[PDB]
Structure formats: C-alpha cells, structure tokens
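This document starts with one chain, in the form deposited in one PDB entry, laid out as structure tokens.
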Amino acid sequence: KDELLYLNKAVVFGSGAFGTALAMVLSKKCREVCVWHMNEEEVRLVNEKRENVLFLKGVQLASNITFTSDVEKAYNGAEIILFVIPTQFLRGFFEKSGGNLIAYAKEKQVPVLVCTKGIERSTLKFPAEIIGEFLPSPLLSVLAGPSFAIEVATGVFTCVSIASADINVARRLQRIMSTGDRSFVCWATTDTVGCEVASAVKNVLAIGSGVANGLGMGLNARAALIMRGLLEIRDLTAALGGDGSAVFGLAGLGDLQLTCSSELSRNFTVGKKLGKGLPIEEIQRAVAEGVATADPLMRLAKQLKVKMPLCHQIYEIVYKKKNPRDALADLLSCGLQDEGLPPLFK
C-alpha cells in the first residue's frame, strides 16, 4: 500500500545520533516518541535542553520526543520498537533489562526494527540475529541504507530500505517509517542478511577508502574500491545464506558509496592517517567502527572460507602493522583478471 500509517507511541532504544535522528523521523508519524537512554541525569539534561547535546548537538528535538531511562515506561504503549544500541551493548541490554520489554513485545506482537549495525565479537553474529535470540524472527525487521544521521534528523531527503523475511512485514514498517513530506522514503526488501552484512563491512571498506586517499590516490581509485569491495559484501552474504537482493540496493551499493565518500568520517580519517603511514597505536584517540569491525569480520570470513581481498588487507594494515603500499601491491599481485560479474540477462 502507498498510504502511510501513523501511530500513538513508538519507542527507540538507543540514545545516539542515529536513534535520535530516527526519533525525529518518528516524531512526524507518532503521536508520542520516547528515546531510552541509560544515564538518568543525562536523560533530564536533554529533555531540559530540548536537544540531545550528548550525541546530536545542534539539532533541536521535536517536542513530542521524550528521553527516559526507564525501560518500562519507555516501551509501555509503543506500537513499534526500534533498537539502535551499539552491537557490543546489545546482548547485555536484553539480559539485564529486556525482561519485561520482551514479554510486552511478544504479548502485543509489536514490530521491531533493528537499526544497529556491526558484528558481535563473541558470537560473530549481526544485530538482528542477536536480538533474534530474545525476540522472534517474524517480528524482526532491518533498516539499512545511505542515511547519515544529521541529514536524516534535519529532514534532508533520504532513502533507506526495510528488510524482513516476510515482505509484507517490511511493507507495513515501510508505511510507518516513510514520512508525509516524502523526505524519508523506504523501500521494501527481504534480504535481511545482505543488509546486515553490508552495514558492517561498509565501515571496514571505508577505512580502505581513507587509506587510498592518504596513500595519494584519487577519485578513480575510490570508485574502484567501492565497486570491488561490493563483491566482497556480495560473497560474504552468499556464504551466510542471504539471497543478496540487497547487495546492489540501498543497503549495499547505496550505503557503501555514501560511507566511502564521507571524507570527514572517522573511518576515512583513520584510514587516511594509516595511508600516510601513522601507526594505528598513534592514531587512536573514540574508535572507528571500521577498526572494531575489521577483526571479527576477518574471523567470520575465515570461518566461512570466504575471500575478501580488500577487507583482508585493510585488516592487516590495521591490526598487523602492514605497510599500506605493500598491502596495495599484494592486492594487485593477482594479475590480470575478468571483472567476475555474472550476466543479468540471458
């Protein structure tokens, strides 16, 4: 259906930039919107300042958005639940505080939208998979696409995709997340796996995009990294069982191109410094998603016997003090090859 759906309440667990940006999106489709944060003193500050000075400074929060550190109040009445908690804290949240919320979720059959992105070190599992350990798959959906928080929060034209096993589940969410002014447009897909893989790998590849820059290469080089790196996301997706229909969609191609062209992103800057020779230790100072993700990505790929050329070299440069230039050469040592893309039309 091409007609939207408005709700009375919507809860968003994750008080960071993206979660807040999404609260902003929701403020225009939901009568009430609570954003769960943990530090109570902070929850107050924000509500006072009418601004998430913590993770989204400069953005005036809508009035119908309320921050609360009380999970119970937070989810109570919500007709849609969003999870934008960093991957590393996700599991802990459910073990320590998801008790009742999970009950409520199952009870009222509330639709859950996974917005977190990454890989859990301990299990090498993705967000929606982790949450899936507590909440049934049928209720789970994934939101992925080129969506810089700031642009989304301030209402600047953005397109993302909603992935769910049941396309109809994705479409319902599609009608809930899409805004009245068409400033936030959603596209439905079933490729949950592809979306999750892409959301994670993109950060690693972003670092390579930065490496390429600090290494003196230009835009041609970047377009090639983006195009070649996309096959790596494709192959890892295939290995994990995903149908891959999202790989060349907004979740993959889209977000990938965005994330890799973001010259100010921590991923890019970190990679740039590496490209210029600065050791990872020296850099540090606030870790880049790509850096955190690189190790487990490598372990998952290895475990699945999936070859990710670019991602691997990026892992070496980061975790094994490999010279960016040597990495680049090793990468190109493969010799002349075919593009390696199947035809789409017979």
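In case it trips you up, residue 1 is the first one in the sequence shown, and so on. Superpose the two forms; the largest set of C-alphas matching within 1.5 Å is the rigid core.
Unshown form deposited in another entry; subsequent notes refer to it.
Here the rigid core is superposed between the shown form and the other one, and of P146, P111, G214, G98 the C-alpha of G214 is the only one to shift by 2 Å or more. Core-superposed comparison between the shown form and the other one: the Cα of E72 travels less than 2 Å. After superposing the rigid core, the Cα of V270 is displaced by 2 Å or more between the shown form and the other one. Fitting the two forms on the rigid core leaves the C-alpha of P324 displaced by at least 2 angstroms between the shown form and the other one.
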